[PDB]
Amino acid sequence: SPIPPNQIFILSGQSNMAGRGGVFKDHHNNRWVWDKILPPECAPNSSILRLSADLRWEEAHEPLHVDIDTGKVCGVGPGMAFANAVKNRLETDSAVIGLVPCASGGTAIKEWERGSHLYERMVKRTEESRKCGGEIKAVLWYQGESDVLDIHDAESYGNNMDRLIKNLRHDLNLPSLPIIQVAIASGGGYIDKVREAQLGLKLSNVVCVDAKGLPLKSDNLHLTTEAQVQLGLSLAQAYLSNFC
């Protein structure tokens, strides 16, 4: 029975938030499997919890999205590295971190409009996470690889992201809720238009960390586990420096 969290972070977006670090296709049988390699930056802690799909707080372990990004084999994302870094820098025995995984692989931002299944799941899980009395401290968002494939999607990305942030702040009644988004590292196509939108968005209490240059898996699309540690540390640095 974990002690409930008091500092809650919502993790959302597509598969580089859901986590694919360490997921490899078994050469013997073609099954995708997480290699279970866990950097010490991602180590579990009784003061770092995860909201399960069945809405129970449990001690957090990678992969954080197993019961959330269903139908996809999950690996390491940036969440545990983020959480350990924040917990350690806070240096406060009382701080208990709660992570609310909401990401869904293969999703373009149109699938996150207000009213959509994924958006409503994110809002519902965020509301459920507050019942323990904990405060929502930030939303970490890493998405956009699915928006590079069609120029209409890439050219609308900044407007769609502005609307998503406005929607979340409204529906959660948190007008200043910090959002930390990630300029995508990969995807091909109109990646530069999507990155320009992410890096160029200027909104109160929204910051963008850049994943460009982080190591990619053999598919040239997903971050490796060591990249995810780097990204989680960068997301923690942005959270700590801007919002604490």
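From 1 onward, residues are counted along the sequence shown.
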{"property": "Stretch with the higher entry mean CA B-factor, where the candidates are 133-141 and 86-94", "result": "86-94"}
{"property": "Identity of residue with top Cα B-factor, from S204, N30, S52, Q198", "result": "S204"}
{"property": "Criterion, highest CA B-factor; candidates, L149, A108, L164, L118", "result": "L149"}
{"property": "Third of chain Cα B-factors occupied by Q237", "result": "lowest"}
{"property": "B-factor third for the C-alpha atom of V23 within its chain", "result": "middle"}
{"property": "Ranked against its chain, the third holding the CA B-factor of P215", "result": "highest"}
{"property": "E59, C-alpha B-factor rank within chain (lowest, middle or highest third)", "result": "lowest"}
{"property": "Third assignment of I184 from its chain's C-alpha B-factors", "result": "lowest"}
